[PDB]
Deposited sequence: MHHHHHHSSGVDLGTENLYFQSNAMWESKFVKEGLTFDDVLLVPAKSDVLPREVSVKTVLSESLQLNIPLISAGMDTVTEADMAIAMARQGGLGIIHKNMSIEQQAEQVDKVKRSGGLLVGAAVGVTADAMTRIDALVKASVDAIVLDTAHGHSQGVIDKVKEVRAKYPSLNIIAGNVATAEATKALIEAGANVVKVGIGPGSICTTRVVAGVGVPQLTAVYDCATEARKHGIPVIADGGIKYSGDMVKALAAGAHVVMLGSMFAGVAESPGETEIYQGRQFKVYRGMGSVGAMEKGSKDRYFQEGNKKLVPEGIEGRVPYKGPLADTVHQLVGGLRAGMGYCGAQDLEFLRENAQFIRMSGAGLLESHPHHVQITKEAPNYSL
């Protein structure tokens, strides 16, 4: 019974547990490169992806993101025709990159075919639990039919799950169980891995195969994004930080003379029903209207450039490979 003895051995770190250590630098924030290659046909100018959620990304959001040099994932809480047309809407807007989310269902192959005929640039096969035979089988199935299509699969949190996805044929792994700002998985199911540990463990494995990972969830400030990249992610995915912006879908409601938008987990009661007996693992809330996406992105990327300047990272490869962290106690959060 080795599993009995190992039950409490693992330790995990999240964003707040840690800081990046400054090192010798020859490169100003304005002159560092923030480009990343997820694959030969998916090269991003900035390492940011907007979440495939129904209160985050439709055509308008994905267009704005692609123009900033990033990528948007069109969500799956709409019919096949609606999504294929959302993708097409982005592609016709001047050779912009776009991705699209698909559930591991019977109709997945149908949906994917329409998305591919619409010339999608990457499909996202993500469930709440990526380390499942369902996901593995679907990825194998899609890979066999579409040898050249970019497949992002997730979400996972372990090296073991990362290996299973890579061998099933995914060329990008999305990492994150439990860190979402709208996520209640930790409270409902008692399940999760602190996000910095998950990213580093998954990346350790992925690097062996030259596969990139996406850090998905829990990024609350630009500094967290720099941390997530330095822990080994090629790119980060944001929900909450993008939900307040003009280009995100949803009405801008006014309560108390303050403009707000609705942001909700895809595992919330409302979302789960638009996606048609599980217990909800997400909540529904309001975020402040942030204005146009461009302002949020320039602030994020600016945070990252400053981070890279301190680390002496000329490019993101250096950051992933060489940046060092120092660990602090909870009292170390107050000092900041």
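Quiz prompt | Deposited positions lacking CA coordinates | solution = No C-alpha for residues 1 to 22, 299 to 308, 369 to 384.
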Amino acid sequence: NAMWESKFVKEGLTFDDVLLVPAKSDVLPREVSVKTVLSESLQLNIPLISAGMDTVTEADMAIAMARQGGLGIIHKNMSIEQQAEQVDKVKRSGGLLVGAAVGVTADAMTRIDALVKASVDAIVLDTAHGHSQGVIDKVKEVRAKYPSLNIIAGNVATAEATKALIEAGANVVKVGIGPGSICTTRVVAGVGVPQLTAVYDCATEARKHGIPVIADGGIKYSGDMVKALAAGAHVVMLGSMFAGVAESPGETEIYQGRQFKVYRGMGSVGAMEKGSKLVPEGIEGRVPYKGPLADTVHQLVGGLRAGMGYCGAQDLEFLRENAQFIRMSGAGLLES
From here on, numbers count along this sequence of modelled residues.
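In this text, rigid core is short for the largest set of C-alphas that superpose within 1.5 Å between two forms.
Self-check item: RMS Cα shift after core superposition in 8 other deposited structures of this protein, winner of 98 to 106 and 246 to 254
Solution: Higher root mean square deviation of C-alphas in 8 other deposited structures of this protein is shown by 246 to 254.
Quiz item: How do 181 to 189 and 194 to 202 compare in 8 other deposited structures of this protein: which one has C-alphas farther from this form after the rigid core is matched?
Solution: Higher average C-alpha offset in 8 other deposited structures of this protein goes to 181 to 189.
Practice problem: Note whether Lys290 lacks coordinates in a third or more of the other compared entries that model its flanking residues. | Solution: No, none of the compared structures omit it.
Exercise. Answer yes if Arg30 is missing coordinates in at least a third of the other compared entries, and no if every one of them models it.
Key: No, none of the compared structures omit it.
Quiz item: So which stretch wins on mean C-alpha B-factor, 110 to 118 or 249 to 257?
Solution: Per the deposited B-factors, the answer is 249 to 257.
Quiz prompt | Mean Cα B-factor comparison, 212 to 220 or 92 to 100, giving the higher one as deposited | solution = In the deposited entry, the stretch with the higher C-alpha B-factor mean is 92 to 100.
Quiz item: Taking the Cα B-factors listed in the entry, which of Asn77, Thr185, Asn155, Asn150 comes out highest?
Solution: By C-alpha B-factor in the record, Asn77 ranks first.
Quiz item: Quick one: which of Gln82, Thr204, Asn171, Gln195 has the biggest Cα B-factor according to the entry?
Solution: So the option with the highest C-alpha B-factor is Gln82.
Quiz item: Relative to the other modelled residues in the chain, which third contains the C-alpha temperature factor of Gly285: lowest, middle or highest?
Solution: According to the entry, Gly285 has a C-alpha B-factor in the chain's highest third.
Self-check item: For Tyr263, the third of its chain into which the C-alpha B factor falls
Solution: Its C-alpha B-factor belongs to the middle third of this chain's values.
Exercise. For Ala128, return the chain-relative third of its C-alpha B-factor as stated in the PDB record: lowest, middle or highest.
Key: According to the entry, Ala128 has a C-alpha B-factor in the chain's highest third.
Quiz prompt | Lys163 CA temperature factor, ranked by third within the chain | solution = Middle third, going by the recorded CA B-factors of the chain.
Exercise. Would you please rank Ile49 by its C-alpha temperature factor against the other modelled residues of its chain and give the third it falls in: lowest, middle or highest?
Key: Bottom third by C-alpha B-factor.
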